[PDB]
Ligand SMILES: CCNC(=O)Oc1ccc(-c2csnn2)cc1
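Only one chain is included here, represented as structure tokens and corresponding to the form deposited without this ligand.
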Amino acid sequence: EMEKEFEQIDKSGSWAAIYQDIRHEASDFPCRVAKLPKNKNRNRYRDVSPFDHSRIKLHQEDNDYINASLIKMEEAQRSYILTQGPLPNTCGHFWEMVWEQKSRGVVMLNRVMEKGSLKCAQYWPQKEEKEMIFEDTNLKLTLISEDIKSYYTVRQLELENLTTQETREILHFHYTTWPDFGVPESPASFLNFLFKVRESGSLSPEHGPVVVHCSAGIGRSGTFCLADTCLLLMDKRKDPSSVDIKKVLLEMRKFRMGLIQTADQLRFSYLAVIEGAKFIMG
């Protein structure tokens, strides 16, 4: 299986080497639009842009740009939209996307503040009576309920298209315990968090793709989607041990750069998939 490979790479301590090959082999596509001058203030990181071929487009003239990519996993039949944590000026764009793409869930893998810095704008209302209105995209966001757990928080939000008065319920899954430095010691919490998102139906095909982000929307976001897809695959095909994490990761990297930012993140991904496979299929 992959656990053997995991214990192997660990034994020889070649994770960094394993990770480098991936980066070297990683796909390279143009990000022209993300580079246009008019979109400079719509990007969080200069080294984190969406490829033109898989970028999500806002359904509006003037500027259809948002730093978000559609990651379509054909075999696993699962799609994810990976994006950057909204900026003070792109919160309206962020929810416009959620609306236009018909997403049911938003997965947040970071805290608004980490390492003493703001890694993301406060894009959702923190109190029921203090709704948020996004004038530019003409949308209203209202906090309906909030369930705070030790490792994550789930919120029910009501998104209303002020233009048509139509409303939709959005589930916000906020993983709040990813350490400021490195990765979690054990994947237990992360897996439970993933299973929670799954059980909500937010990842199901009847809905638009789930929207995932952290700070750059690649490191933790990549780990989340990689783990989910690998587990699905091990559940769908004849021999589960045929699932090649590296292959899946390369496949995903064809849609957005940076997925999995460090060799430590890669190891953790293996660890999550391995442990998750034991829970799913004993």
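Throughout, we count residues from 1 along the sequence that is shown.
If you look for the form solved in complex with this ligand, you will not find it shown, but the lines that follow are about it.
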- Message: Residue-level question: is residue 68 within 4.5 Å of this ligand in the deposited bound form, judged on heavy atoms?
- Response: no
- Message: Is residue 231 near this ligand? Define near as a heavy atom within 4.5 Å, in the deposited bound form.
- Response: yes
- Query: Taking this ligand in the deposited bound form, which residues along 175-189 bring a heavy atom to within 4.5 Å of it?
  - Reply: 188
